[PDB]
Ligand SMILES: *[C@@H]1O[C@H](CO)[C@@H](O[C@@H]2O[C@H](CO)[C@@H](O)[C@H](O)[C@H]2NC(C)=O)[C@H](O)[C@H]1NC(C)=O
Ligand SMILES: *[C@@H]1O[C@H](CO)[C@@H](O[C@@H]2O[C@H](CO)[C@@H](O)[C@H](O)[C@H]2NC(C)=O)[C@H](O)[C@H]1NC(C)=O
Ligand SMILES: *[C@@H]1O[C@H](CO)[C@@H](O[C@@H]2O[C@H](CO)[C@@H](O)[C@H](O)[C@H]2NC(C)=O)[C@H](O)[C@H]1NC(C)=O
Ligand SMILES: *[C@@H]1O[C@H](CO)[C@@H](O)[C@H](O)[C@H]1NC(C)=O
Ligand SMILES: *[C@@H]1O[C@H](CO)[C@@H](O)[C@H](O)[C@H]1NC(C)=O
Ligand SMILES: *[C@@H]1O[C@H](CO)[C@@H](O)[C@H](O)[C@H]1NC(C)=O
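Protein chains in written order, with the entry's author numbering: chain F, 592 to 617, 634 to 676, 690 to 739; chain L, 937 to 1147; chain P, 740 to 827, 854 to 1084; chain Z, 1134 to 1147.
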């Protein structure tokens, strides 16, 4: 037994879905092809790729899925670009220009005030 | 950006959606039988006589009470989360809007300069104005300059050098200046500091003393 | 599975109740999602993964106990290995995997650490700007009201005290089993909740038997449904109790996670002046280390010593 | 009551 999760690109884009079987170690009681066996269960109906990308729909255990040029794919999420800093005991980098940037932050302050007449 | 992206205000929309779902779940529990012959009290009363009618009512009555207590508990927990957000928002307005904060990445990413609040349904939106360094260049450095055997440290800036000359500059924006006694200060000899370099510190009085 | 255990008769009675299963699943899902959010806010503070240089030329400052060990199958620091080694079903109760695995947490931690060692706090504001490590320290000393003369004249002293302190931490954590009690307590509380929930299945709740199959094999419908209907509310009560407690507990964890994220931004990717916020003493810098279900910070502070008494005055009268 | 050293004086005299 186990839970079954359905990975859905929005339906206003695509009607393809992929399905994850929580405790199946492929040994699956449904279908085959496009089978990616991972620690989060068997993901059937998605193409595993050797690329990495930013996470879109998270699955678990390092794996995210997305809809790309079309099919649903499974991939290891990337944690970001690499940056090797030229550290040296006699070298300093100093800015010569600047940018004034404005960003936004949104916070809730209040919720709807409700009341209930129990009778 | 706000006009273009519909997800931009998802944090406020989510609050609205959660509260709507709670109310739209509570009213649906009224359709439940909870083991009673009918979800409707009027049907129980029009068809059953008191020795049995009260028994059926007594199931619905605990069913409905359970739904209300569940609702209230969830609203209390959710309210606590909103309060925490409100406390943070108030803190930010005092520290980001009515001041200049030095807390890193608290009032936006980058060095904070100022911010402006804007209102929104059920919340507050802040526009955080920050300074972001750009276009850095690589320079050679040293902790001190050795002049006449005495060690000179910068008063505020950092000693840097291009291929032929040493300068002292402010750390966050390159602006090289002559290394002088008004830009540096002296402490200790040219021995204890590791990486001290051979250079000349300009004396601003000398030419006036001679003229 | 928790309430009916695949009994058909129970399921049909369960359907007469409200949408309680939906509510329970939504509450637990909301907690589960939040837990990945908390992990990301605490550790994913850097958009790039910074790498260290070959480990050399840090002015005598030895970071070997906090940097990842290249010889290991899992690239964790010696301290992280100690932290990890210190922290210790068929009723429909399952456990979901985290989105970020220990390896991904280790990569974020090493990125932040590489970042602060080679570029100080600049990587947290804009591009990382390389600086000699000892000059970074000079600025950190100015930041606590001490001139730069002190750091350079005593650079060897400072590097040796630093190196000693890190070594003491590694041994202290190894030696004292209570050192990570805060993370072990979380684990223990969650284990107890699950190990209490499964035991309520043995309760009769006034029914003739705790087992649905016994009720059904011995009693006929006019009575069998009555007995089932007691167990069914008993099991539902246990689940609602469980969920409410998990929601309250989750809120406490979220508050901790919010604090941890704040500390990383203010203690790790900067230099804070908040008293006793980033360790006791005057704050200079800090380094994160990962741990099961949490974060451990090593806070490096300046503590004044060996004071002497002097006579003072507010001003000098000259002419 | 103390003396505040003047750094220009000896240069002005030398
Ligand atoms: C380092 O910067 C100095 C100026 O701050 C450069 O020297 C000047 O170069 C101009 C020609 O471009 C001459 O007219 C000036 O008389 C020079 N000033 C001095 C004090 O010599 C110097 O060329 C730069 N070095 C390198 C390698 O780029
Ligand atoms: C940082 O400190 C460690 C101690 O934890 C040093 O490790 C020693 O390395 C040498 C050379 O490989 C070995 O012979 C010693 O046995 C190690 N010490 C211990 C206790 O095992 C390390 O060399 C230091 N690194 C720097 C750059 O100073
Ligand atoms: C602070 O006091 C210590 C004395 O404990 C000074 O020198 C250190 O002495 C201990 C004990 O003999 C040695 O193990 C250390 O190696 C010594 N330090 C150095 C750099 O050699 C220390 O110099 C005093 N602090 C300052 C700033 O002068
Ligand atoms: C410059 O370097 C020489 C060694 O070549 C050293 O003896 C001297 O003290 C240094 N500083 C000054 C100001 O001469
Ligand atoms: C930097 O490293 C080089 C190479 O080991 C050495 O020659 C130089 O003296 C060092 N400078 C400082 C300030 O440590
Ligand atoms: C020093 O003390 C005397 C009193 O003994 C006072 O009159 C004088 O103003 C003080 N300061 C100086 C600079 O003389």
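Idealized CB from N, CA, C, for every residue including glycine.
- One residue after another in chain order, those with a Cβ under 6 Å from a heavy atom of ligand 2 are P:801, P:803.
- Interface criterion met: the Cβ of residue 1066 of chain L is under 9 Å from a Cβ in chain F.
- The DSSP-derived three-state label of residue 804 of chain P is coil.
- Distance from the CA atom of residue 965 of chain L to the CA atom of residue 726 of chain F, rounded to whole angstroms, is 34 Å.
- The alpha carbon of residue 1112 of chain L has as its nearest neighbour, out of L:1019, L:986, L:1075, the alpha carbon of L:1075.
- Taking 8 Å as the cut-off, the C-beta of residue 1093 of chain L does not count as close to any heavy atom of ligand 1.
- Out of P:930, P:1053, P:938, the CA that lies nearest to the CA of residue 1032 of chain P is found in P:1053.
- Residue 1035 of chain L: not part of any alpha helix (DSSP H); DSSP gives it neither H nor E.
- Taking a cut-off of 8 Å for Cβ pairs, the stretch 743 to 761 of chain P and the stretch 945 to 952 of chain P do not touch, as fewer than three such pairs fall below it.
- If you compare the alpha carbons of P:867, P:854, P:1065 with that of residue 820 of chain P, the shortest gap goes to P:867.
- A contact is defined here as three or more CB-CB pairs under 8 Å, and the stretch 1064 to 1084 of chain L meets this definition with respect to the stretch 711 to 730 of chain F.
- The closest heavy atom of ligand 4 lies less than 8 Å from the beta carbon of residue 1134 of chain L.
- Looking only at F:670, F:719, F:657, F:607, the smallest Cα-Cα distance to residue 1045 of chain L is reached by F:719.
- Using beta-carbon distances, residue 662 of chain F does not count as an interface residue toward chain L, since no partner is under 9 Å.
- Counting only the Cα atoms, residue 771 of chain P lies some 21 Å from residue 609 of chain F.
- In the DSSP assignment, residue 1025 of chain L falls outside any beta strand (DSSP E) and within the unbroken alpha helix (DSSP H) covering 986 to 1028.
- Its Cα nearest to that of residue 663 of chain F, the residue F:693 stands out among F:592, F:651, F:735, F:693.
- For residue 1084 of chain P, the CB falls within less than 8 Å of some heavy atom of ligand 6.
- When C-alpha distances from residue 993 of chain L are compared across L:1024, L:1079, L:971, the shortest belongs to L:971.
- The beta carbon of residue 691 of chain F sits closer than 8 Å to those of 607, 653, 654, all from its chain and outside the five residues before and after it, given in chain order.
- For residue 1016 of chain P, the closest of L:958, L:1015, L:967, L:990 by C-alpha to C-alpha distance is L:1015.
- Residues with their Cβ less than 5 Å from any non-hydrogen atom of ligand 1, running along the chain, are L:1098, L:1099, L:1100, L:1101.
- Boundaries cannot be given for residue 786 of chain P, as no beta strand (DSSP E) includes it and DSSP labels it neither H nor E.
- Excluding five sequence positions before and after residue 938 of chain P, the CB atoms of its chain that fall closer than 6 Å to its own CB belong to 821, 944, given in chain order.
- In this structure, the C-beta of residue 671 of chain F stays at least 8 Å away from each heavy atom of ligand 4.
- With fewer than 16 neighbouring CB atoms inside 10 Å of its own CB, residue 1143 of chain L falls in the exposed class.
- With 16 or more other CB atoms across the displayed protein chains lying within 10 angstroms of its CB, residue 651 of chain F is buried.
- Taken through DSSP and simplified to helix, strand or coil, residue 654 of chain F comes out as strand.
- In this structure, the alpha-carbon of residue 791 of chain P lies about 14 Å from that of residue 888 of chain P.
- Within the stretch 1063 to 1091 of chain L, the complete beta strand (DSSP E) segments at least 3 residues long are 1073 to 1078, 1086 to 1090, listed from N- to C-terminus.
- Pairing residue 1119 of chain L with residue 1091 of chain L gives a Cβ-Cβ distance under 9 Å.
- If you check the C-beta of residue 709 of chain F against ligand 5, you find a heavy atom less than 8 Å away.
- Residue-level contact by beta carbon holds for residue 1072 of chain L and chain F, with a gap shorter than 9 Å.
- Apart from sequence neighbours up to five positions away, no residue of its chain approaches residue 997 of chain L with a beta-carbon distance below 8 Å.
- The three-state secondary structure of residue 973 of chain P, taken from DSSP, is coil.
- When distances are taken from the beta-carbon of residue 811 of chain P to the heavy atoms of ligand 3, even the shortest one reaches 8 Å or more.
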